[PDB]
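Residues: numbered from 1 along the sequence shown.
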Amino acid sequence: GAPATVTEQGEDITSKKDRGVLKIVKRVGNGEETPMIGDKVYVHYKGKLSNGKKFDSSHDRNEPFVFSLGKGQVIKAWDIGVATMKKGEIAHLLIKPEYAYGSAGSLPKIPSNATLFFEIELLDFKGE
Ligand SMILES: COc1ccc(CC[C@@H](OC(=O)[C@@H]2CCCCN2C(=O)[C@@H](c2cccs2)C2CCCCC2)c2cccc(OCC(=O)O)c2)cc1OC
């Protein structure tokens, strides 16, 4: 399924080149532009553990998820991944624990040492 495909064909977008964050572009966005550190970013996502459990979708809160890019307001993989995205892009990310919740998890929903999968859509981004 979608997680396996990222394993097999995803691009390694980490600095350390440790396959900690793998990416496939599922829908090509607009232009060349990607967001800057500090930009307010608006996304819709669907996420799960890579084994399918704990599924969550921003769609269910009928409101985009909003954060400031590159400020540690989200897990490392999201700071790394969303920084590569164009407006309108949808990407798949497969994420090892080192770039997510590590040994502490985010209980009770996310366990220790969890690999995560997200489908992420970058709706828009704006400087504050
Ligand atoms: C482990 O490192 C970090 C961990 C957590 C954070 C905060 C968790 C952080 O979650 C995340 O980084 C990612 C990306 C954004 C979407 C939410 N999210 C998730 O993993 C969610 C997942 C869904 C399906 C599989 S994982 C997860 C859903 C369960 C609650 C934690 C968040 C978060 C930020 C802001 C708000 C929020 O919840 C709503 C609220 O609090 O009002 C949760 C920053 C971190 O790094 C600097």
Give, for atom [atom1] of [X] and atom [atom2] of [Y], the distance between the pair rounded to the nearest 0.5 Å.
X      : Y      : atom1 : atom2 : value
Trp78  : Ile95  : CH2   : CD1   : 8.5 Å
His59  : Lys46  : NE2   : NZ    : 6.0 Å
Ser50  : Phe118 : OG    : CZ    : 11.0 Å
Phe125 : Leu69  : CZ    : CG    : 9.5 Å
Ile120 : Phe65  : CD1   : CZ    : 10.0 Å
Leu22  : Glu11  : CG    : CD    : 9.5 Å

Quick check against the 3.5 Å criterion: does [X] have a side-chain atom that pairs as donor or acceptor with the backbone of [Y]?
X      : Y      : answer
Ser106 : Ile110 : no
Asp39  : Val41  : no
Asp79  : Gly72  : yes
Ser112 : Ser103 : yes

Do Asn30 and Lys86 pass the side-chain contact (heavy atoms from CB on, under 4.5 Å) test, and can you show the C-alpha distance, the side-chain angles, and the key distance before you say yes or no?
CA-CA 6 Å; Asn30 319 130; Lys86 302 194 179 57; 5.9 Å; no
Does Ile75 form a side-chain contact (heavy atoms from CB on, under 4.5 Å) with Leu116? I'd like the steps, not just the answer.
CA-CA 11 Å; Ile75 56 165; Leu116 300 188; 4.1 Å; yes
Pairwise side chain to side chain donor-acceptor pair (under 3.5 Å) hits with a residue in residues 20-29, at least two apart
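Side chain to side chain donor-acceptor pair (under 3.5 Å) check on residues 20-29 returns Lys23-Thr84, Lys23-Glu89.
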Starting from [Y], can I reach [X] by hopping between I/L/V/M/F/W/Y residues whose side chains sit under 4.5 Å apart?
X      : Y     : result
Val6   : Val21 : no
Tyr45  : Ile80 : yes
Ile90  : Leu94 : no
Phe117 : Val74 : no

Closest heavy-atom pair and its distance - [X], [Y]:
X      : Y      : value
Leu93  : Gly81  : CD1-CA, 4.2 Å
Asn113 : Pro97  : OD1-CG, 3.3 Å
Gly20  : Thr14  : N-CG2, 3.8 Å
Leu49  : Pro111 : CD1-CD, 3.8 Å
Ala83  : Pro35  : O-CD, 4.1 Å

Mind checking who shares a hydrophobic cluster with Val25, ILVMFWY linked at side-chain heavy-atom distances under 4.5 Å?
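In the cluster with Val25 are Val28.
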Given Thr7 and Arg19, is the side-chain contact (heavy atoms from CB on, under 4.5 Å) satisfied, shown in steps?
CA-CA 9 Å; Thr7 285; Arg19 288 173 65 72; 4.0 Å; yes
Applying side chain to side chain contact (heavy atoms under 4.5 Å, CB included), can you list everything that pairs with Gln9, at least two apart in sequence or on another chain?
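Applying side chain to side chain contact (heavy atoms under 4.5 Å, CB included) to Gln9 gives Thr5, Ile24.
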According to side chain to side chain donor-acceptor pair (under 3.5 Å), who are the partners of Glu119, at least two apart in sequence or on a separate chain?
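Listed in chain order: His92.
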